[PDB]
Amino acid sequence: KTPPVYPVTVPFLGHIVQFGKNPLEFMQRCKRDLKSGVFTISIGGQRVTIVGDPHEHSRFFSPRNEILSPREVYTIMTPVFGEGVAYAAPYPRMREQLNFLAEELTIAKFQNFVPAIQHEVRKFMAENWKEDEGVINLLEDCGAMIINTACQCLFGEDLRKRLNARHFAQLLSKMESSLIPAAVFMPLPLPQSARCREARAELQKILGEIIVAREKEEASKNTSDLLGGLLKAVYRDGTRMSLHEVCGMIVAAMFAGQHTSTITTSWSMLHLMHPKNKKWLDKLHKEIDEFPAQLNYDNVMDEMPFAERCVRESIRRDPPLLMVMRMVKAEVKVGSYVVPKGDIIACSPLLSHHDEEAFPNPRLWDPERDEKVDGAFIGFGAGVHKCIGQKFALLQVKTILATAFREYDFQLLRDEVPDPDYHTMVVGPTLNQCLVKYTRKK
């Protein structure tokens, strides 16, 4: 009564290679050949069970940690975030920590993000896109805007002086590269590891200097930044976060937002600039050609409904995180099947977002589409572990789109839209394809 396995033919290596080259075509094949949305594969002799039937998402996102656990599956992050941070911490602390973070997105806070976001976007553009026309690599530039823009929202002035975006990005890169996606399924002292520690330590040292400089300061002077937020925070037992933990959280917050948003921004701009999608590009300008130079939280939140769809449909068609997993601590029901204890249960936004019923014509970028199966869209996950940076990411991306398409027009050099590059653990467009020509207006 367990879900149908997929033929192996190579015990030394599971479906690893097939999945790595193209996991969409591969997964759809499985789900197609076995006549079942729920199926099990073997990655290096380890049963990975995939809930690929959107109707059955709740069976994956609903179970509590005691039954379904991410900790063992997400071990690989521990080196990046810290030896005692989320997924490296007992869930009670983990959850506890993640909440502090969430309280940093009170949207009591967004009040000042729009002006900041636009301040960095306009600056970058007026710094890199000067000429009346020119060629840039969209993916690399959005990455710059993302990090730059994110720091201008969460990092205080004093911190940004010591740690600027350009520099912070290098640190993330240094440690995030330490990551081998394969490990997640298959549990070293590589040059990548070393760089990762130093980078986080460096970041550590600095954050230590700033705090010291803040605590010596007295006694007022207005809205505290992310770090300050984390520093104030106190546990359920009544103890303040250790810096090592505090650092980890910041890495986490920044790490998680860097690629997912960078990619989402890119895909969005790509589709939107494509001549085939003139329909929606126009519909977009129709929505932003009314806004003033200085945008405010209100109009980005409440006055850009079609732009949100653009971002959502981007994440829908090409989800940055193609799947999420958990260790099955106890046998869990799923459809007519049963997932045995020991399995790595996983749910794939990539797969689900391409189910014919939930999203007819999956490969078609349609911003006005809606899930034909409730719960089908899981770009930001769901249940207890539903993404926390959603509201922020969306705000961050939407505002960028508004500032970019307002002052520049774009043109995709390549005939069609970039192919997804499935080799990175966070998935976006290839970037050997992202070459774009911009044209300043007036």
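Heads up: residue numbers just count along the shown sequence, starting at 1. The term rigid core refers to the maximal set of C-alpha atoms that superpose within 1.5 Å between the two forms.
Structural divergence in 7 other deposited structures of this protein between 105-113 and 159-167: following superposition by the core, 105-113 has C-alpha atoms lying farther from the shown form. Superposing the other copies on the rigid core and comparing 50-58 to 27-35, farther C-alpha placement in 7 other deposited structures of this protein marks 27-35. In at least a third of the other PDB entries of this protein that model the residues around it, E218 has no coordinates. Among other deposited entries of this protein with both flanking residues present, none omit coordinates for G208; it is modelled throughout, well short of a third.
Missing coordinates between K216 and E217 amount to none of the deposited residues, so the segment is unbroken. According to the entry, the stretch of the deposited sequence that connects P360 to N361 contains no residue lacking coordinates, so the chain runs unbroken between them.
For the pair 337-345 and 168-176, the mean B factor over Cα atoms is greater in 168-176.
Higher mean CA temperature factor, per the PDB entry, when comparing 194-202 with 247-255: 194-202. Highest CA B-factor among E127, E209, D355, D366, as stated in the entry: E127. As recorded in the entry, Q111 carries the highest CA temperature factor of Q111, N137, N277, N148. In this PDB entry, the Cα temperature factor of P320 sits in the bottom third of its chain's modelled residues, the lowest group. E103: CA B factor in the highest third of modelled residues in this chain (values from the PDB entry). When the modelled residues of the chain are ordered by C-alpha B-factor, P3 sits in the lowest third. Residue-level temperature factors show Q46 in the highest third of its chain, judged at the C-alpha atom. Ranked against the other modelled residues of its chain, the C-alpha B-factor of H271 as given in the entry falls in the lowest third.
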